[PDB]
Number of protein chains: 2
Amino acid sequence: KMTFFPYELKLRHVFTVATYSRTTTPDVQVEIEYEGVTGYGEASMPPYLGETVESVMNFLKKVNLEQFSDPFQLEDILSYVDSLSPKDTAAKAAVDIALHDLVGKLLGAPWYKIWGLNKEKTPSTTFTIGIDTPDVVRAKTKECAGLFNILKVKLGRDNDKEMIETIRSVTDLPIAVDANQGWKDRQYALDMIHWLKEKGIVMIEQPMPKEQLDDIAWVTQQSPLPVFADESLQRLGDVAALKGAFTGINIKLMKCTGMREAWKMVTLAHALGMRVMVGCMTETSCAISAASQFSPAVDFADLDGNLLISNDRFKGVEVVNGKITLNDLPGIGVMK
Amino acid sequence: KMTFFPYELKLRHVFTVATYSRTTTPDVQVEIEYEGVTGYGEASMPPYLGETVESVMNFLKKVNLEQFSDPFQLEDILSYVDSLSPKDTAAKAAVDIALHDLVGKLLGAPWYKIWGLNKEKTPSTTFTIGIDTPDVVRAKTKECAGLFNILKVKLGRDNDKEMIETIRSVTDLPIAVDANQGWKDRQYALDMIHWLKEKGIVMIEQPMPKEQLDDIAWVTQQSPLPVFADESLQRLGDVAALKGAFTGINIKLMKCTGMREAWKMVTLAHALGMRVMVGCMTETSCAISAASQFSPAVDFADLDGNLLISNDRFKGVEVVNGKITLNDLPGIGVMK
Ligand SMILES: [Mg+2]
Ligand SMILES: [Mg+2]
């Protein structure tokens, strides 16, 4: 029995992505019940990604899980779910997450354990220092620096150098940057990378538009920092084409349809000699903890989505000494 | 606590691969104990494959599992095991199988279920009709035909056509052929495939030498039947290079180091649009059942290794209506 309902996320402060800012995030909460056990799932829909409460609710209304008598049939069930529409990846991820939570609960084990991973190998999560006045930027950097081991800064915008200079003036913490397809000039991107390297940046994400894979490859081949693909991929079938152009890939549950496909993407990337990082949207601890289950296998992680909302519905993974920390709760590791 | 000992397999009849005939098979049985629970593993070493009782026993003696207090640490443990030597894949597979059996038992579930597969989707296994005089071939074919849905024939010899016609004179069952790198001329290989298809053959395995990948791609591109790679690959790192040259890959536990890598190979092959088949050496039901755990994801399966030995130590998967049949026992699904 699957039930679902809209649950708008309330953000603590204005959150900006490229040229889009917001203080809330459409979201749908899902639950799958089987013999008295409940698995929790979630779909998060940043507006610019194309899904809405309406599209997600409508997709979920197409899903018939009552015809399936065994929750452990993840391959068959999720293949069926994927077949219902061409995309709606966040809606599909919600079903996948709830099913994994349910299955893990029935097995009495967290997915990091089912997958055979060492929870002590979880990564440090980045936390974003948003664009603002120099004084505010310096203030916010000082206020959080003591809780994280690495900070994230979004570039590919107006005053990238100034932002880095401002932040670096009050902290020596390593910085990961996301250019979000902001640099269209191949040489400018490479020069920026060298400058950022000099300023203590340790990783670069999607420096150029996905259409310019050729230019991206040229940059990565000469880059002293690992370059990760984000906008350049969504699902499993998009990974192989990036071999040789990117150092690694970024995986997000809302983009890839959930945990099962995410794990396959980790396997594929690694098998192809590529590195892996994991990201997230502003989400409750349901989706954040779900993604955290495979974090012991990633190089970088931006798993702070729940920290930006004021109405989390679950207690799941926590940031301890700046490190994503998995509890021993079965399934995706959350308590409602 | 891991213990191990040699256990030579006794074959029911002379078994021949290419020009090498034998009546026994070196094998090492492994056991890993944790809090009263025991996981069973196995290494099978057909002489021509490079490993021996000595090499396997010596490798196992290097493995320190006592330093590991959690059997669920499959990633860390098996990474460590692999790091102990360049090859010894059968010896490594033995540890992997025992660990999966143990973990599955601790979770109270068989691996097909842990992997989220539908056991009803297991494949029909081939059974081999060995080369011999026409009278014997017809007799052996008639004797087993009623228990299988597909038969295997090893070609690449000097009497391939007669062999196929002799078998076809007593049965209408589909046939899968393994040329074992027997055809050196790509034109001949292609012509043979067309001839075989007209004779009811449904799959071709390793038609040419692995050194002639270009000719293989040439054949496969215009082949009316799926072409699978066997001798052309050993492990996960060898798969990608075969994309576009082969229709699919053949996975064997003794070649790939076990279940964990095998499953990754299935994922990789499928992600790359390649099909998958699974094979085996003459083995006890331990290794056969272990490989059978992921058979619901394969297109073809040669999982009859235990049927050729007279001293099986386990009761595991069975052939029912010609289909590999998984029981509900946890781990790899065997009873000692
Ligand atoms: Mg990004
Ligand atoms: Mg073969």
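In what follows, chains carry the letters A, B, and so on, assigned in the order in which the sequence lines appear, proteins first and then strands, with residues in each chain numbered from 1.
Contacts between B:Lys121 and chain A at a heavy-atom distance below 4.5 Å involve the side chain alone, from C-beta outward. Only the side chain of B:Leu236 has a heavy atom closer than 4.5 Å to any heavy atom of chain A.
With respect to chain A, the highest number of heavy-atom pairs below 4.5 Å among B:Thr267, B:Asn118, B:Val103 belongs to B:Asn118. When the candidates A:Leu117, A:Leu272, A:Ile114 are compared by the number of heavy-atom contacts under 4.5 Å with chain B, A:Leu117 comes out ahead.
Using a 4.5 Å cut-off between non-hydrogen atoms, the part of residues 71-86 of chain B that approaches chain A consists of B:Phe72, B:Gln73, B:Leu74, B:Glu75, B:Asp76.
Residue A:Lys315 places its NZ atom among 12 or fewer non-hydrogen atoms of other residues, nucleotides or ligands, all under 6.0 Å distant.
Atoms CG and NZ, on A:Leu268 and B:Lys264 in that order, are 12.5 Å from each other to the nearest 0.5 Å.
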